[PDB]
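Structure file target-v1.cif; described as mmCIF, C-alpha atoms.
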data_coords
loop_
_atom_site.group_PDB
_atom_site.id
_atom_site.type_symbol
_atom_site.label_atom_id
_atom_site.label_comp_id
_atom_site.auth_asym_id
_atom_site.auth_seq_id
_atom_site.Cartn_x
_atom_site.Cartn_y
_atom_site.Cartn_z
ATOM 1 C CA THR T 1 0.000 0.000 0.000
ATOM 2 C CA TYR T 2 3.099 2.252 -0.324
ATOM 3 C CA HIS T 3 3.470 4.872 -3.062
ATOM 4 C CA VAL T 4 6.711 5.389 -4.991
ATOM 5 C CA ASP T 5 6.916 8.684 -6.941
ATOM 6 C CA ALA T 6 10.243 10.428 -6.281
ATOM 7 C CA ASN T 7 11.872 10.476 -9.757
ATOM 8 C CA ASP T 8 8.681 11.415 -11.586
ATOM 9 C CA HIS T 9 9.508 14.810 -13.130
ATOM 10 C CA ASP T 10 8.742 14.435 -16.864
ATOM 11 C CA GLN T 11 6.304 11.546 -16.888
ATOM 12 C CA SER T 12 4.273 13.536 -14.306
ATOM 13 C CA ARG T 13 2.955 10.816 -12.018
ATOM 14 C CA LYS T 14 1.327 11.342 -8.665
ATOM 15 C CA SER T 15 1.356 9.240 -5.492
ATOM 16 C CA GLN T 16 -0.629 6.073 -6.509
ATOM 17 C CA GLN T 17 -2.824 8.275 -8.851
ATOM 18 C CA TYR T 18 -5.413 9.232 -6.224
ATOM 19 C CA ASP T 19 -6.312 12.873 -5.763
ATOM 20 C CA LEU T 20 -9.288 15.288 -5.698
ATOM 21 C CA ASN T 21 -11.755 12.559 -4.794
ATOM 22 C CA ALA T 22 -9.352 10.630 -2.651
ATOM 23 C CA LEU T 23 -6.906 13.404 -1.934
ATOM 24 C CA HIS T 24 -4.116 11.005 -1.326
ATOM 25 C CA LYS T 25 -1.740 13.790 -0.771
ATOM 26 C CA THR T 26 -2.254 14.023 2.858
ATOM 27 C CA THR T 27 -1.256 10.465 3.881
ATOM 28 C CA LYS T 28 -3.684 10.710 6.869
ATOM 29 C CA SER T 29 -1.240 13.363 8.129
ATOM 30 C CA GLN T 30 0.500 10.845 10.330
ATOM 31 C CA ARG T 31 3.537 12.636 11.658
ATOM 32 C CA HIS T 32 5.959 9.712 11.177
ATOM 33 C CA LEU T 33 5.168 6.258 12.401
ATOM 34 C CA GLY T 34 2.847 6.817 15.311
ATOM 35 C CA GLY T 35 1.695 10.308 14.537
ATOM 36 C CA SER T 36 -1.861 11.419 14.057
ATOM 37 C CA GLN T 37 -3.879 14.403 12.951
ATOM 38 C CA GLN T 38 -2.764 16.373 15.977
ATOM 39 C CA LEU T 39 -0.065 18.049 14.018
ATOM 40 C CA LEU T 40 1.555 20.263 16.520
#
Structure rendered as structure tokens:
Amino acid sequence: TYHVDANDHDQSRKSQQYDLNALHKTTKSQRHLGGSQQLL
């Protein structure tokens, strides 16, 4: 369930193509492994 899009600069590819509807650009907002939506 991990996304790999670090070298994508000309083939323009987004984190496991899910945005707008899914908005998979937030990654739950888990501050590292154990974080939550607190986000201090």
(request) Using atom CA of residue T:39 and atom CA of residue T:8 as the two end points, give the distance in Å to one decimal. (result) 27.9 Å
(message) Give me, as a ChimeraX atom specification, all polymer residues having an atom no more than 12 Å from residue T:4, counting only C-alpha atoms and skipping those fewer than 4 positions away in the same chain.
(response) /T:8,13-17
Could the residues in this selection be saved with C-alpha atoms as a short mmCIF file (atom, residue, chain, number, x, y, z; two decimals), in the frame of the given file?
data_model
loop_
_atom_site.label_atom_id
_atom_site.label_comp_id
_atom_site.auth_asym_id
_atom_site.auth_seq_id
_atom_site.Cartn_x
_atom_site.Cartn_y
_atom_site.Cartn_z
CA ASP T 8 8.68 11.42 -11.59
CA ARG T 13 2.96 10.82 -12.02
CA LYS T 14 1.33 11.34 -8.66
CA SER T 15 1.36 9.24 -5.49
CA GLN T 16 -0.63 6.07 -6.51
CA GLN T 17 -2.82 8.28 -8.85
#
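Counting from atom CA of residue T:3, the distance to atom CA of residue T:26 is 12.3 Å.
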(request) Figure out the distance between atom CA of residue T:9 and atom CA of residue T:30, please, to one decimal in Å. (result)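 Answer for the atom CA of residue T:30 to atom CA of residue T:9 separation: 25.4 Å.
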